[PDB]
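**Student:** Attaching a single structure in structure tokens format; questions to follow.
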Amino acid sequence: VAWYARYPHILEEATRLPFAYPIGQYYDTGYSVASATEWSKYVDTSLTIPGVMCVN
Amino acid sequence: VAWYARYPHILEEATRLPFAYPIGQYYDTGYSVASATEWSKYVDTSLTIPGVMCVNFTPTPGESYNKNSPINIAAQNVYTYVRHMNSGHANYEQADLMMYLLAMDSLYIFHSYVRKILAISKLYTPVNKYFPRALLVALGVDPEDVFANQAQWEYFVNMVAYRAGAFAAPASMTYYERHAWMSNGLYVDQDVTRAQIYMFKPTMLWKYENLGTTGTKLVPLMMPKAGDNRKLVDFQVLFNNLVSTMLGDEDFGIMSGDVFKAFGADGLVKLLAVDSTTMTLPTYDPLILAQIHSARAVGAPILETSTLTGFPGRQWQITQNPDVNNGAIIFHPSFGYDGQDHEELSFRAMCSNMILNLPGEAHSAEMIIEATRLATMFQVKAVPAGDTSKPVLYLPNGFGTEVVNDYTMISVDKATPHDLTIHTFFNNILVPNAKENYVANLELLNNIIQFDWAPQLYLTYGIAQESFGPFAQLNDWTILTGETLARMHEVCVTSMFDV
Amino acid sequence: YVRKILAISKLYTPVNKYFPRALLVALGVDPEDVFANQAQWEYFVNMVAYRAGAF
Numbered sequence: 047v048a049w050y051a052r053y054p055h056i057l058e059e060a061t062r063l064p065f066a067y068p069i070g071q072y073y074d075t076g077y078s079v080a081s082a083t084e085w086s087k088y089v090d091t092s093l094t095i096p097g098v099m100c101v102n
Numbered sequence: 047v048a049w050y051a052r053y054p055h056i057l058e059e060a061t062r063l064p065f066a067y068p069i070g071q072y073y074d075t076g077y078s079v080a081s082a083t084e085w086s087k088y089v090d091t092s093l094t095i096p097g098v099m100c101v102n103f104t105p106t107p108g109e110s111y112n113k114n115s116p117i118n119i120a121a122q123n124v125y126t127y128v129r130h131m132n133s134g135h136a137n138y139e140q141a142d143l144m145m146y147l148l149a150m151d152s153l154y155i156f157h158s159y160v161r162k163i164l165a166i167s168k169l170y171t172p173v174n175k176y177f178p179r180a181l182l183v184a185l186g187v188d189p190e191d192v193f194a195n196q197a198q199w200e201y202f203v204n205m206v207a208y209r210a211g212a213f214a215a216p217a218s219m220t221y222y223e224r225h226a227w228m229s230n231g232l233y234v235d236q237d238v239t240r241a242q243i244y245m246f247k248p249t250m251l252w253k254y255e256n257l258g259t260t261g262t263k264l265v266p267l268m269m270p271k272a273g274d275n276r277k278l279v280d281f282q283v284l285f286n287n288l289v290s291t292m293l294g295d296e297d298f299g300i301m302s303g304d305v306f307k308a309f310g311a312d313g314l315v316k317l318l319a320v321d322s323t324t325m326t327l328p329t330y331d332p333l334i335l336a337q338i339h340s341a342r343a344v345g346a347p348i349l350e351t352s353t354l355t356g357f358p359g360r361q362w363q364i365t366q367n368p369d370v371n372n373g374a375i376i377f378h379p380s381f382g383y384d385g386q387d388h389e390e391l392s393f394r395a396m397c398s399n400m401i402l403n404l405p406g407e408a409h410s411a412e413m414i415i416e417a418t419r420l421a422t423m424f425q426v427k428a429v430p431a432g433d434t435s436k437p438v439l440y441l442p443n444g445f446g447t448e449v450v451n452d453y454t455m456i457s458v459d460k461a462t463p464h465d466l467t468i469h470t471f472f473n474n475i476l477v478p479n480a481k482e483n484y485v486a487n488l489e490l491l492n493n494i495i496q497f498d499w500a501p502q503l504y505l506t507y508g509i510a511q512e513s514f515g516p517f518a519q520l521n522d523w524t525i526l527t528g529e530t531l532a533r534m535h536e537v538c539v540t541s542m543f544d545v
Numbered sequence: 159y160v161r162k163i164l165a166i167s168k169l170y171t172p173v174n175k176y177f178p179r180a181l182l183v184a185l186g187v188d189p190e191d192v193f194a195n196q197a198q199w200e201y202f203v204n205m206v207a208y209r210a211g212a213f
């Protein structure tokens, strides 16, 4: 797309995202619909990443 | 005299004298008149030489009360740098990022403190009896405990470095480097073997203490004082208390990840590991000597538990409230507190303009700036809430990254069995009417003169109701004003908080 | 006006403490808001220029 090549400044200001989340810490994704709290446990906002597995 | 050139053998046999007395041990000069014992205490045959003095400093952001402060400017700059290379987490502010960074600084200072404590205990010399028990007493640890658990201390400080490696802080910012260098070194007043050691001990730390939605708040964390037999268990408790509210915080993990993304792993600050063959060695540093000489004490920190009649809610906290002062970082402390709820009349002598004393004749701009980092003059008295104002607190015009609270000096007791003595004092000493107060003050003064670039003293007397100016040897001085000091402190703090 | 508001906020000199907080206050903006949302401000002013340049 030539538009990306023509407006890289606006593309960069629109694609500012924090990557490289440190693992081993619980993260909450939040609610895209703020009124979804009525379905309390029907939505999975949790996000846990395992980091080690031991072979006995 | 040609007679000396003609009879050098008799001159040598007549001038045989023992020099180089090992310091740290009490010496008796004896009596020139053997019948002077009838005047028992009218003759001073004692001779005690102090060997170490500890400067109890305190890390500070530098007098923030609005959004134009250097701390807030650096907060905005670092947040812009982090967030303009961040694609993702947007849930914190510049103020939050800066409280992190300050907590990182506090734990770096703690690591430097414990590393110095470990490295000091391996220092033993025949020419100085203070090494290392006097230094360990001044830092506030138990020398017997360190001797018994050297291995435990080494592994504890290594684990402290490893756990401090979990979070990330910029290495371009010189705040951490300056604090670690200041708190992790031994400094001699002269380049001589039997010199006196200058030390820096953090009086306080910055327990991060997140609770409530009204922002964060760096609550004071006290530190061991001299003459405290603190052990490795106590130091481990202090470290765990410091990092209790630091790990397990998902917002803190987010900040650490974002700063790791912004500043690469090569560009972060790393605490160097220590081992058994690491030797700390006293060094001669004229810059630190000058800035110690031009240092002014501000008094003890004010805590929540400290009672103050007429001055409620004056604790030394770094408040960060989004709805207060437009979310700016606020740190406006009140000085002049000593520890007890009384006047402390000696602090009144600090109300005059300070005198900046410098060695040599020609002074460079950088040297002048470094020579006044610990200087701090009061500007106005804090308004007491209520009709009772038993203590008196002074609001500073502006201070640097460090403020000096007290000075601790260790010296041999004159009486049996001539053990070490604990002497804590500000730049001003008040001596009331007593039989022994005057002679004690004389011993204090003589001990302080032994140190070369000792801080200028301001003695005051309770009976004459009159204080005294700087008790120091003036070499090349000038009169400093509060505005000039504020400008220099602003420059220094802005330079320190730079990326 | 908005371009000058954005460009003033990056001015700093050691001999003049009026830069840039006083200038922004005179222009009638919030310097805290500008420093918090620099990226949004740049995007907004760029879109303003783009949409005004159509005519």
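Chains as they are written, first to last, in the authors' numbering: chain A, 47 to 102; chain A', 47 to 545; chain B, 159 to 213. A prime marks a further copy of an entry chain. For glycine and all other residues, C-beta sits at the position ideal for the given N, C-alpha and C.
At 9 Å on the CB atoms, spell out the chain A contacts of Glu-200 (chain B), in chain order.
**Tutor:** Working through the third sequence from its first residue, we reach residue 200 (chain B) at position 42. Simply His-55 and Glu-59.
**Student:** Answer with yes or no whether the minimum CB distance from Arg-62 (chain A) to chain B is below 8 Å.
**Tutor:** For this step, residue 62 (chain A) is matched to residue 16 along the first sequence. So, interface residue.
**Student:** Apart from the five residues just before and just after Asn-275 (chain A'), which ones in its own chain have a Cβ nearer than 6 Å to its Cβ?
**Tutor:** Taking the first residue of the second sequence as position 1, residue 275 (chain A') is located at position 229. Answer for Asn-275 (chain A'): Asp-188, listed in chain order.
**Student:** Taking the CB atoms as reference points, tell me whether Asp-452 (chain A') and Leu-335 (chain A') lie closer together than 8 Å.
**Tutor:** Working through the second sequence from its first residue, we reach residue 452 (chain A') at position 406. Working through the second sequence from its first residue, we reach residue 335 (chain A') at position 289. The answer is no: Cβ separation not under 8 Å.
**Student:** List, in order along the chain, the chain A residues whose C-beta lies closer than 8 Å to that of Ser-302 (chain A')?
**Tutor:** Translated into the one-based positions of the second sequence, residue 302 (chain A') becomes position 256. Under the 8 Å cutoff, chain A gives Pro-68.
**Student:** Note down the Cα distance separating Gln-425 (chain A') from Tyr-254 (chain A'), rounded to an integer number of angstroms.
**Tutor:** Position 379 of the second sequence, counted from the first residue, corresponds to residue 425 (chain A'). Position 208 of the second sequence, counted from the first residue, corresponds to residue 254 (chain A'). Spanning the two alpha carbons is a distance of roughly 29 Å.
**Student:** Could you tell me whether the stretch 261-268 of chain A' touches the stretch 362-377 of chain A', using the rule of 3 or more Cβ pairs below 8 Å?
**Tutor:** As far as the Cβ criterion goes, the stretch 261-268 of chain A' touches the stretch 362-377 of chain A', which means the pair count is three or higher.
**Student:** Could you tell me if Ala-308 (chain A') is buried or exposed, where buried requires 16 or more neighbouring beta carbons within 10 angstroms of its beta carbon?
**Tutor:** Counting from 1 along the second sequence, the entry for residue 308 (chain A') is found at position 262. Answer is buried; the Cβ neighbour count reaches 16.
**Student:** Can you have a look at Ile-525 (chain A') and say buried or exposed, based on whether 16 or more other CB atoms are within 10 angstroms of its CB?
**Tutor:** Counting from 1 along the second sequence, the entry for residue 525 (chain A') is found at position 479. Label assigned to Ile-525 (chain A'): exposed.
**Student:** Taking C-beta to C-beta, are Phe-381 (chain A') and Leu-439 (chain A') nearer than 8 Å?
**Tutor:** Numbered from 1 along the second sequence, position 335 holds the residue referred to as residue 381 (chain A'). Numbered from 1 along the second sequence, position 393 holds the residue referred to as residue 439 (chain A'). The answer is yes: Cβ separation under 8 Å.
**Student:** Taking one C-beta from the stretch 348-358 of chain A' and one from the stretch 310-318 of chain A' each time, how about it: are there three or more such pairs within less than 8 Å?
**Tutor:** Contact fails: fewer than three Cβ-Cβ distances are below 8 Å.
**Student:** How would you call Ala-136 (chain A'), buried or exposed, if buried means at least 16 neighbouring beta carbons within 10 angstroms?
**Tutor:** Residue 136 (chain A') sits at position 90 when you count from the first residue of the second sequence. Exposed.
**Student:** I'd like the list of long-range same chain contacts for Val-98 (chain A), defined as Cβ closer than 6 Å, with 5 residues on each side in sequence excluded.
**Tutor:** As a position in the first sequence, residue 98 (chain A) is number 52, starting the count at 1. Cβ neighbours of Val-98 (chain A) beyond the five flanking positions: none.
**Student:** Any beta-carbon of chain A' closer than 8 Å to the one on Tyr-50 (chain A)?
**Tutor:** Walking along the first sequence from the start, residue 50 (chain A) turns up at place 4. Chain A' contact via Cβ: absent.
**Student:** Taking Cβ positions only, does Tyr-72 (chain A) come closer than 8 Å to chain A'?
**Tutor:** Counted from its first residue, the first sequence places residue 72 (chain A) at position 26. Cβ-Cβ to chain A' under 8 Å: yes for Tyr-72 (chain A).
**Student:** Could you work out which residue in A':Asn-174, A':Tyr-127, A':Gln-242 and A':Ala-486 is closest to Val-545 (chain A') when comparing CA atoms only?
**Tutor:** The count along the second sequence starts at 1 and reaches residue 545 (chain A') at position 499. If we check each option's Cα against that of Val-545 (chain A'), A':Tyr-127 comes out closest.
**Student:** In angstroms, rounded to a whole number, what distance separates the CA positions of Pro-463 (chain A') and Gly-432 (chain A')?
**Tutor:** By one-based count along the second sequence, residue 463 (chain A') stands at place 417. By one-based count along the second sequence, residue 432 (chain A') stands at place 386. Answer to the nearest angstrom: the Cα atoms are 50 Å apart.
**Student:** State yes or no: is the beta carbon of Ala-197 (chain B) nearer than 8 Å to at least one beta carbon in chain A?
**Tutor:** Here residue 197 (chain B) refers to the residue found at position 39 of the third sequence. Cβ-Cβ to chain A under 8 Å: yes for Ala-197 (chain B).
**Student:** Rounded C-beta distance between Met-325 (chain A') and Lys-168 (chain A')? I'm assuming under 8 Å.
**Tutor:** For this step, residue 325 (chain A') is matched to residue 279 along the second sequence. For this step, residue 168 (chain A') is matched to residue 122 along the second sequence. With a Cβ gap of about 7 Å, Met-325 (chain A') and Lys-168 (chain A') count as contacting.
**Student:** Quick check on the DSSP output: what are the complete alpha helix (DSSP H) runs of length 4 or more inside the stretch 120-201 of chain A', in order along the chain?
**Tutor:** Fully enclosed alpha helix (DSSP H) runs of 4 or longer: 140-166, 179-185 and 189-194.
**Student:** Give the single residue among A':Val-485, A':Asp-498 and A':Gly-444 whose Cα lies nearest to the Cα of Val-539 (chain A').
**Tutor:** Translated into the one-based positions of the second sequence, residue 539 (chain A') becomes position 493. Nearest option by C-alpha distance: A':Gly-444.
**Student:** If you draw a straight line from the alpha carbon of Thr-422 (chain A') to that of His-378 (chain A'), how long is it in whole angstroms?
**Tutor:** Position 376 of the second sequence, counting from 1, holds the residue named residue 422 (chain A'). Position 332 of the second sequence, counting from 1, holds the residue named residue 378 (chain A'). Going from the Cα of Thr-422 (chain A') to the Cα of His-378 (chain A') covers about 14 Å.
**Student:** Is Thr-91 (chain A') helix, strand or coil by DSSP?
**Tutor:** For the purposes of this step, residue 91 (chain A') is identified with residue 45 of the second sequence, where counting begins at 1. Three-state result, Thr-91 (chain A'): coil.
**Student:** Closer than 7 Å by beta-carbon distance: list the chain A' residues that pair up with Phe-177 (chain B), in chain order.
**Tutor:** As a first step, residue 177 (chain B) must be located in the third sequence, where it is residue number 19. Residues of chain A' passing the Cβ test: none, with the nearest at roughly 10 Å.
**Student:** What residues match up with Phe-103 (chain A') in a beta bridge as DSSP calls it?
**Tutor:** Numbered from 1 along the second sequence, position 57 holds the residue referred to as residue 103 (chain A'). For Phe-103 (chain A'), which the question treats as bridged, DSSP gives the partners A':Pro-248.
**Student:** Need the endpoints of the beta strand (DSSP E) that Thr-524 (chain A') sits in, please.
**Tutor:** Locating residue 524 (chain A') in the second sequence gives position 478, where the first residue counts as 1. 523-525 is the extent of the beta strand (DSSP E) around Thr-524 (chain A').
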